[PDB]
């Protein structure tokens, strides 16, 4: 069964918005796709690994001309790919060499909150170093790292603070999958940007409370990239790292491809596609087979009508292996019947975005859930048609998708996920279990909605113990710091998201 059409509701696609910015094919000369190097551990044994992850500012040649000023992890733009291993004790030094405070959020990592999680409440101030330790007990998958100050996440991701995280385990290592990182297994971080004069980025001037989208696609920090294919089979780790844009991916000739992984795990079984849509923060790992091409051939990957990435076919050794019927055993957590079904409503667009009738307040806990107890969450997008698809994300968990409007989830949604696109009028039922105590956000992952208040937080707790005290960030602390850091008055700070709060008269 080859899936030839996008699963999401077509009327709600981003391309029907009034302020939709179409992608334009840039002038710049085609060049080799940048593949971020693997971050070298400071030290590694079988049981332990030590990393230093460093947020920093620099400049990057993106367009011919001047260099674009950028932020990155251990590099000028984006980051070096970080490798974690299930069961391995991980030690990370978070180092901020930026002019402003930041946060290090491990999107999709089953870690304690709110500090290791690295959300709103885990500031790392300029010049400061912080130490975190954790052991991941979750399946092999593609995660990512990104800035998460509340606000502005949108500004820091725009400036380039995102990096791929690969999680390895024993089960995945036993499978006949391409796995030579940089040769037949590559990141495909999908982003867009708007270049101004001097090829600079200017988030404020491009700002839009409903989502910032620029006309120039940028793949792993590359304009008009090509990839030299030297194997028959190639594994693409797609990440939608855009502020808002949806990617509607397909190849020339309707070349099929097989999705083998989603956000939080391998899919139970491989799923064949010709067309695949990804909302913000979603990952899809796919295998593309170039067996039916000759050397010299060129194969174009598209989003809608726009070429993104060209694959140049070189000589390759024939690959005889085929995927097994079942890739991964999904073990569903059990739900206590005594628990309520949690109902979470996403509402509004533009400056009016909200969850359950209110915007995020960094001091206010919106919900609680005992650890180790799975609960059904019904997540609804209140928008009426046309509306937009909101990608709903929950920190600190990987959930299963049980249903969409009482019917089957999409074909590629039978594994573990941390982000799900919710269509106008739709209720998605999720099975959500938190393994660790802490404070965790849940929010739309259109990053301007996130900053604009479409976010809430849940305290997970051990019932055996009393309520734990967490030092939560407050808005005065954040603005004091940004004021000092930017060398300006607390009253003349500008942050992405402020406009949403102020226009709605909310704090």
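Numbering follows the first chain given and starts at 1.
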Comparing 269-277 with 394-402, the one whose average Cα B-factor in the PDB entry is higher
269-277
Average Cα temperature factor in the PDB entry - higher stretch of 287-295, 327-335
287-295
Out of 263, 137, 169, 206, whose C-alpha atom has the biggest B factor in the entry?
206
According to the Cα B-factor stored in this entry, which of the following is highest: 237, 86, 317, 342?
317
Among the modelled residues of its chain, does the C-alpha B-factor of residue 257 lie in the lowest, middle or highest third?
middle
Test of reading the entry: by CA B factor among the chain's modelled residues, which third contains residue 199?
highest
Which third, lowest, middle or highest, does the C-alpha temperature factor of residue 125 belong to within its own chain?
highest
Residue 52: C-alpha B-factor third of its chain, per the entry, is the middle
CA B-factor ranking of residue 241, expressed as a third of its chain:
lowest
